[PDB]
Amino acid sequence: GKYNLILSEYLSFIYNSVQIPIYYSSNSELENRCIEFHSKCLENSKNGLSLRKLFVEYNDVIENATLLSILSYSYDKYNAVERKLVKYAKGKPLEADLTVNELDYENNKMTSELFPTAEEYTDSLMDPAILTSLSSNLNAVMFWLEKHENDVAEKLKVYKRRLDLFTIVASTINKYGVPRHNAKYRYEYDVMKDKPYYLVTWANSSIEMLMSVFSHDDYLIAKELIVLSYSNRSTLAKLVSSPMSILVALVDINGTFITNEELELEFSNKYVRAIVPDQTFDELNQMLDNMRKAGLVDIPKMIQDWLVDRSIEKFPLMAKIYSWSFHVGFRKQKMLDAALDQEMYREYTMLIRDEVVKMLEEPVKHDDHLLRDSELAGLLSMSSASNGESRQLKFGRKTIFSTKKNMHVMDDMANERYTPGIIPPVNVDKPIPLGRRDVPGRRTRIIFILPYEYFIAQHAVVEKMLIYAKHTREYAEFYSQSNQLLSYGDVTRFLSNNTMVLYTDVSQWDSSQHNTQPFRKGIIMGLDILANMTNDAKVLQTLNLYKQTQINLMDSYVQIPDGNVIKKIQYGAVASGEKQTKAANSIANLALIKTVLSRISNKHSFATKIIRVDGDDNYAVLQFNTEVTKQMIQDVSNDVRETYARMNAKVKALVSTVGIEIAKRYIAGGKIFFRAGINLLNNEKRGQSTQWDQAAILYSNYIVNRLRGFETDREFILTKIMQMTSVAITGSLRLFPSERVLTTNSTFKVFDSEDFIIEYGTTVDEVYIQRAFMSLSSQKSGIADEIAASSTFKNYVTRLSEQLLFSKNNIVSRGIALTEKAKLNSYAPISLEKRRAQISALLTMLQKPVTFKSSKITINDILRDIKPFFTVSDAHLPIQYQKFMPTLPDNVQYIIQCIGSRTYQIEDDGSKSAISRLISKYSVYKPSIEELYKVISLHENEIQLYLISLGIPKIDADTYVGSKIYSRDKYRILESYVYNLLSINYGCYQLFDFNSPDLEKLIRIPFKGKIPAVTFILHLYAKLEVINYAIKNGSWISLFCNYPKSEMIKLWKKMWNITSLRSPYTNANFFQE
RNA sequence: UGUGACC
Ligand SMILES: Nc1nc2c(ncn2[C@@H]2O[C@H](COP(=O)(O)OP(=O)(O)OP(=O)(O)O)[C@@H](O)[C@H]2O)c(=O)[nH]1
């Protein structure tokens, strides 16, 4: 409940020259008392009278009613920031050392010196691209500095470490003034011409870093990074994190977790000696020297101190630095420079070709329907992203322009222009438009925005490849329902004194031109073999068109902007934008390592315990018939790099016996770590989400970092959410939503009142509001209706339906209509009509919560029903599992030490239900978990129709609608649907073993019937309540259930009429991965 | 309609 209090201290801090608390109640009488109170407050304020008396008079409203929002009548002129900042600007400003960066524009020169004229200006190289101002970030940091002004002991030492760092930011800013943003949170030329180009973005990164400072070590790290980053905008992060790839090979393993035959973590008390050849030490020194040469002093010393003993117990500091390096910001270069960097492959191509065959051999031989109707599959999978060119489009009676793929496909069909039989060229005549990928620390990479003929031609085939990977272990990122803990356990498994692990970053090879030939060629060579495996006209064409995308790309040309011009240059490298990007890259990276290992075997004899490809890295674990020595490592290592060298691949290749470090994860001293470097106050690019959506994403980002090891003060995050979620009524009237409004599980939820704990309404007022917010969840869009009525549109839907099903549609047809009406959301005009409506609705809602005919059931109600039938009692769970993920907070780690962890994802889509598999054997359709949910609950006769309507043959449609399997699917679907509504795969929960024997102990559930659905939810509701109590209290409880039998039948019914909820919080989770 | 692929 502390959010609602912190909110006022904030407004009372920002504004000084009124606040009007607005309450509400599910109880009639009390509500009028709220209504009255509101009035009297406005009136008294409109007379400069003290509200102190009303607060006493309506003491009842302050005590029993629920705080809905807070009115903020502030009369100034968005200044204050200017004023407030001086106090902290006493230090000497920083002076950009314009000699640190290669490309001239990467140096913090004065904006003007980079863009002499307003027409040459572009924020494209510094745009924070976030819907929150620098002005407000500042305000937020001072608000906090004030609140913790009179702190003591250690808390003060945190303030003191921060007070300093913030001076640097303040001093340096004051020297130029505070950059003012516009309605779109953009920094324009007039305001930027004076100040250093990178002023704003650097401010954002520095503030975000200083606010995540606690220990003296944080302070030392923030300080350095904040100072060097004001001048270095291109190698800092790579410099500060490069060492980490060597450090993991130093720490000794004294007990670690491994993967067993049941694919689950299991403790192994073993010892593995870290064996490091001297040469490695030179490499690490050159890296430490390089850091030094760039100004770095403190950070290098820290790694140097740690290097005396190299204890996994003091390693935490090394990982802290590794995660901090990223908070410097994104390296945003110019499209041109980004694109500018770009006989013994016989073995390498042969592998790509064979691997491509293995994945489609069966599918092709058996005339897989997916492959036959590949084109139709491509259409249903189509997104609403860019096609490349902004086309003029006529809908109904409106001529509008769009670049959207979903739009171009419709318009093109309605004019005989739709022709997926012909795969457009991407050469000099039709140059590929470009997109960009920005990341912190690494160089910018370009992206192909190919025409839709390319997606359709690849979609089906790629999906068959991803399936082969799903059950192939070499493909770490696609195998089973596995999470990262499984990959962690696979490495540590064979680690012993007679084996060495070999990790390798191959990100530079994928972009190499030396690669583009063996690649495309290898695939094409495979597609040919596959074609000689069938005679199916459908299969050969879908397979042929795929061959065409590879040939058109062999010699592609690109449209690289160079100011305000678009130069067309011949691109001879494999960029990414295809449907096969990830799959193909995985196939390639794997073929590569297989080639290297095979070559080096001619010298040394080893055993291949495991080979793995995961993203832009690949690794292996080798076993020798003798004990490994520092000299054996050196020899293997040299021969490996040498092998990679003869292939002209600039890659990082290290060899150790204890750890590995790759982009997604790194294993030091038998433990697992995940870089905690998601930026907070700077984004890669601008999307179309709202501020509210961004508030939730910030919090979501806060959570993941926090779990990963980088914690940013929760009071700062909360402050940011107050700013971003506010809504202006006028110029002097700003509305701030209450904790109840922002944390309740509704369509407007932004974060959990308590970290790692998702609450659900357990009071009438909470329920009251919960139902209200839903009343206005989806808003209308005139523009969207118009186009949803246009011929070109209805014909598209209709044409898609007539190709898919045979008998009648409706359930499915109503789906295809909407799925298409939604894709029109990427189209800004529609996106804007929506928001505007949401704001007005939300404006009148936080002013007098409307009514609602409810009649809709949500997971909240189900739980609110159950709650009353459980008896709690103090219990005890000893800690038994050793920590394998060191950075986890303490309250989250405790849970795992008691109940354990898991290495899988709980099926939450229903893809494992027989019906879903049935519909897959005969249809290209893909029903969602929510559609399966409604379908499976229909009358037997109706299900039989749905199946046959989608192409499922009667013998099968009938053999199912009765069988034991059907009755089963019913349970498994609901089970999958519920795990989905509870976010059992996100946040903290994704870590916990919900089937832990230890946890099951604390749940006592006497069966008073035997009706699966009810038994399921009662157990889950208990497991969640028990875990939440532990997350918040550090102790355990036992839950006893005495749920009536007469009640179980009522519940069972509610269960099948649950409604899913959509919200920023919900969408934030999906946005994660 | 300051917008920029696969997922
Ligand atoms: N910062 C600030 N703004 C005020 C104050 N009083 C009124 N405002 C209004 O808030 C605006 C301040 O500039 P903005 O950039 O829009 O700041 P904001 O809209 O309040 O919040 P952000 O967009 O996150 O910065 C002005 O347009 C004023 O109309 C005040 O005391 N401080």
# chains A, B, ... in the order shown; residues from 1 in each chain; ligands from 1
$ interface_residues --of "chain B" --to "chain A" --cutoff "6 Å" --atoms "only C-alpha atoms (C1' of nucleotides)" --output "PDB file with N, CA and C atoms (P, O5', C5', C4', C3', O3' and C1' of nucleotides), in the first residue's frame"
ATOM      1  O5'   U B   1       0.201  11.297 -38.263  1.00  0.00           O
ATOM      2  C5'   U B   1      -0.525  10.125 -38.642  1.00  0.00           C
ATOM      3  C4'   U B   1       0.369   8.957 -38.990  1.00  0.00           C
ATOM      4  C3'   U B   1       1.526   9.293 -39.914  1.00  0.00           C
ATOM      5  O3'   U B   1       2.635   9.788 -39.144  1.00  0.00           O
ATOM      6  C1'   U B   1       0.357   7.372 -40.717  1.00  0.00           C
ATOM      7  P     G B   4       6.810   1.239 -41.616  1.00  0.00           P
ATOM      8  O5'   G B   4       8.310   0.840 -41.242  1.00  0.00           O
ATOM      9  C5'   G B   4       8.616  -0.428 -40.649  1.00  0.00           C
ATOM     10  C4'   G B   4      10.112  -0.644 -40.612  1.00  0.00           C
ATOM     11  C3'   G B   4      10.638  -1.528 -39.484  1.00  0.00           C
ATOM     12  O3'   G B   4      10.614  -2.912 -39.858  1.00  0.00           O
ATOM     13  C1'   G B   4      12.028   0.404 -39.812  1.00  0.00           C
ATOM     14  P     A B   5       9.361  -3.852 -39.466  1.00  0.00           P
ATOM     15  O5'   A B   5       9.246  -4.821 -40.718  1.00  0.00           O
ATOM     16  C5'   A B   5       8.913  -6.180 -40.537  1.00  0.00           C
ATOM     17  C4'   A B   5       9.838  -7.077 -41.329  1.00  0.00           C
ATOM     18  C3'   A B   5       9.894  -8.455 -40.699  1.00  0.00           C
ATOM     19  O3'   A B   5       8.806  -9.270 -41.139  1.00  0.00           O
ATOM     20  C1'   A B   5      12.101  -7.634 -41.002  1.00  0.00           C
ATOM     21  P     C B   6       7.857  -9.987 -40.047  1.00  0.00           P
ATOM     22  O5'   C B   6       8.732 -11.241 -39.570  1.00  0.00           O
ATOM     23  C5'   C B   6       9.124 -12.261 -40.494  1.00  0.00           C
ATOM     24  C4'   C B   6      10.144 -13.201 -39.865  1.00  0.00           C
ATOM     25  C3'   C B   6       9.785 -13.823 -38.520  1.00  0.00           C
ATOM     26  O3'   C B   6       8.928 -14.955 -38.663  1.00  0.00           O
ATOM     27  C1'   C B   6      11.991 -12.977 -38.422  1.00  0.00           C
TER      28        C B   6
END
$ residues_near_ligand --ligand "ligand 1" --cutoff "6 Å" --atoms "only C-alpha atoms (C1' of nucleotides) and all ligand atoms" --output "PyMOL selection string"
chain A and resi 15+74-80+132-133+135-136+181+723+731-732
$ write_last_selection --atoms "N, CA, C and O atoms" --output "mmCIF file, in the first residue's frame"
data_model
loop_
_atom_site.group_PDB
_atom_site.id
_atom_site.type_symbol
_atom_site.label_atom_id
_atom_site.label_comp_id
_atom_site.auth_asym_id
_atom_site.auth_seq_id
_atom_site.Cartn_x
_atom_site.Cartn_y
_atom_site.Cartn_z
ATOM 1 N N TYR A 15 5.358 19.886 -6.995
ATOM 2 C CA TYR A 15 4.490 21.059 -7.012
ATOM 3 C C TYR A 15 4.328 21.743 -5.651
ATOM 4 O O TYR A 15 3.983 21.089 -4.667
ATOM 5 N N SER A 74 -1.658 21.987 -10.361
ATOM 6 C CA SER A 74 -0.374 22.648 -10.255
ATOM 7 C C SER A 74 -0.238 23.816 -11.197
ATOM 8 O O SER A 74 -0.323 23.651 -12.416
ATOM 9 N N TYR A 75 -0.020 24.999 -10.636
ATOM 10 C CA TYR A 75 0.149 26.173 -11.466
ATOM 11 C C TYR A 75 1.563 26.744 -11.457
ATOM 12 O O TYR A 75 1.978 27.448 -10.535
ATOM 13 N N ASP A 76 2.289 26.390 -12.514
ATOM 14 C CA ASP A 76 3.663 26.803 -12.779
ATOM 15 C C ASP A 76 3.695 26.710 -14.308
ATOM 16 O O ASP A 76 2.676 26.953 -14.954
ATOM 17 N N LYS A 77 4.834 26.336 -14.886
ATOM 18 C CA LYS A 77 4.948 26.201 -16.344
ATOM 19 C C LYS A 77 6.067 25.221 -16.712
ATOM 20 O O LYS A 77 7.059 25.596 -17.348
ATOM 21 N N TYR A 78 5.861 23.960 -16.322
ATOM 22 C CA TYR A 78 6.788 22.831 -16.497
ATOM 23 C C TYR A 78 8.263 23.144 -16.307
ATOM 24 O O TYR A 78 9.142 22.511 -16.894
ATOM 25 N N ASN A 79 8.504 24.118 -15.432
ATOM 26 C CA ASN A 79 9.840 24.563 -15.068
ATOM 27 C C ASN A 79 10.299 23.666 -13.932
ATOM 28 O O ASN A 79 10.387 22.446 -14.097
ATOM 29 N N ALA A 80 10.571 24.280 -12.782
ATOM 30 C CA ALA A 80 11.017 23.563 -11.595
ATOM 31 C C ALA A 80 12.323 22.794 -11.844
ATOM 32 O O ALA A 80 13.297 22.946 -11.102
ATOM 33 N N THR A 132 9.207 8.756 -22.199
ATOM 34 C CA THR A 132 9.450 9.426 -20.914
ATOM 35 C C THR A 132 10.591 10.418 -21.106
ATOM 36 O O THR A 132 11.610 10.119 -21.723
ATOM 37 N N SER A 133 10.412 11.619 -20.583
ATOM 38 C CA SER A 133 11.407 12.661 -20.772
ATOM 39 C C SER A 133 12.658 12.595 -19.912
ATOM 40 O O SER A 133 12.708 11.885 -18.907
ATOM 41 N N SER A 135 13.743 15.307 -18.674
ATOM 42 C CA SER A 135 13.346 16.263 -17.650
ATOM 43 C C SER A 135 12.785 15.515 -16.448
ATOM 44 O O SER A 135 13.190 15.766 -15.307
ATOM 45 N N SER A 136 11.870 14.579 -16.704
ATOM 46 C CA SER A 136 11.267 13.812 -15.615
ATOM 47 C C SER A 136 12.261 12.856 -14.938
ATOM 48 O O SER A 136 12.222 12.690 -13.724
ATOM 49 N N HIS A 181 12.007 18.436 -24.511
ATOM 50 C CA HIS A 181 11.377 17.478 -25.423
ATOM 51 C C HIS A 181 10.052 17.992 -25.966
ATOM 52 O O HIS A 181 9.462 18.918 -25.413
ATOM 53 N N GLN A 723 4.845 8.983 -13.228
ATOM 54 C CA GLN A 723 4.955 9.978 -14.297
ATOM 55 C C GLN A 723 4.326 9.469 -15.592
ATOM 56 O O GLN A 723 3.439 10.107 -16.169
ATOM 57 N N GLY A 731 -4.164 21.877 -18.775
ATOM 58 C CA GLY A 731 -2.771 22.255 -18.705
ATOM 59 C C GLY A 731 -2.303 22.244 -17.272
ATOM 60 O O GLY A 731 -1.164 21.876 -16.987
ATOM 61 N N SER A 732 -3.182 22.640 -16.361
ATOM 62 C CA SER A 732 -2.815 22.678 -14.951
ATOM 63 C C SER A 732 -3.435 21.535 -14.160
ATOM 64 O O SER A 732 -3.226 21.431 -12.952
#
$ closest_residue --among "A:785, A:208, A:711, A:754" --to "residue 817 (chain A)" --atoms "only C-alpha atoms"
A:785
$ residues_around --residues "region 593-596 of chain A" --least-positions-apart "4" --cutoff "9 Å" --atoms "only C-alpha atoms (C1' of nucleotides)" --output "PDB file with C-alpha atoms, in the first residue's frame"
ATOM      1  CA  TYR A 345      33.947 -25.257 -47.587  1.00  0.00           C
ATOM      2  CA  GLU A 347      32.825 -30.238 -46.039  1.00  0.00           C
ATOM      3  CA  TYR A 348      30.898 -27.308 -44.567  1.00  0.00           C
ATOM      4  CA  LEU A 351      26.734 -30.700 -43.898  1.00  0.00           C
ATOM      5  CA  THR A 504      32.908 -20.118 -29.686  1.00  0.00           C
ATOM      6  CA  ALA A 588      24.931 -23.292 -40.269  1.00  0.00           C
ATOM      7  CA  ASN A 589      26.572 -22.611 -36.881  1.00  0.00           C
ATOM      8  CA  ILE A 600      41.253 -31.197 -35.509  1.00  0.00           C
ATOM      9  CA  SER A 601      40.615 -34.875 -34.826  1.00  0.00           C
ATOM     10  CA  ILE A 611      27.836 -30.605 -29.443  1.00  0.00           C
ATOM     11  CA  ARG A 612      25.567 -27.567 -29.190  1.00  0.00           C
ATOM     12  CA  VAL A 613      24.444 -24.507 -31.173  1.00  0.00           C
ATOM     13  CA  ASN A 618      28.314 -23.006 -30.509  1.00  0.00           C
ATOM     14  CA  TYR A 619      30.173 -25.262 -28.111  1.00  0.00           C
ATOM     15  CA  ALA A 620      31.391 -28.770 -27.430  1.00  0.00           C
ATOM     16  CA  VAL A 640      40.950 -24.750 -33.490  1.00  0.00           C
ATOM     17  CA  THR A 643      41.128 -24.192 -38.422  1.00  0.00           C
ATOM     18  CA  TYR A 644      38.728 -21.253 -38.176  1.00  0.00           C
TER      19      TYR A 644
END
$ residues_around --residues "residue 1023 (chain A)" --least-positions-apart "5" --cutoff "9 Å" --atoms "only C-alpha atoms (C1' of nucleotides)" --output "number ranges by chain"
A: 994, 999-1000, 1002-1003, 1018, 1028, 1039
$ select_by_dssp --residues "region 799-1005 of chain A" --states "helix (DSSP H, G or I)" --output "ChimeraX atom specification"
/A:799-804,811-825,828-845,859-869,890-899,914-922,929-936,940-949,954-960,964-981,997-1001
$ atom_distance --atom1 "CA of residue 309 (chain A)" --atom2 "CA of residue 250 (chain A)"
9.6 Å
$ residues_around --residues "region 39-45 of chain A" --least-positions-apart "3" --cutoff "8 Å" --atoms "only C-alpha atoms (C1' of nucleotides)" --output "number ranges by chain"
A: 18, 20, 35-36, 48-51, 54
$ write_last_selection --atoms "C-alpha atoms" --output "CSV table (one decimal), in the first residue's frame"
chain,number,residue,atom,x,y,z
A,18,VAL,CA,-3.0,21.2,-4.3
A,20,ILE,CA,-7.5,16.2,-4.4
A,35,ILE,CA,-18.9,11.7,-4.0
A,36,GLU,CA,-19.6,14.4,-1.3
A,48,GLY,CA,-7.8,28.5,-0.9
A,49,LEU,CA,-9.4,27.0,2.2
A,50,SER,CA,-7.8,24.3,4.4
A,51,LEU,CA,-9.0,20.7,3.5
A,54,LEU,CA,-12.9,17.7,5.5
$ atom_distance --atom1 "CA of residue 858 (chain A)" --atom2 "CA of residue 970 (chain A)"
18.8 Å
$ closest_residue --among "A:129, A:918, A:938, A:495" --to "residue 3 (chain B)" --atoms "only C-alpha atoms (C1' of nucleotides)"
A:129
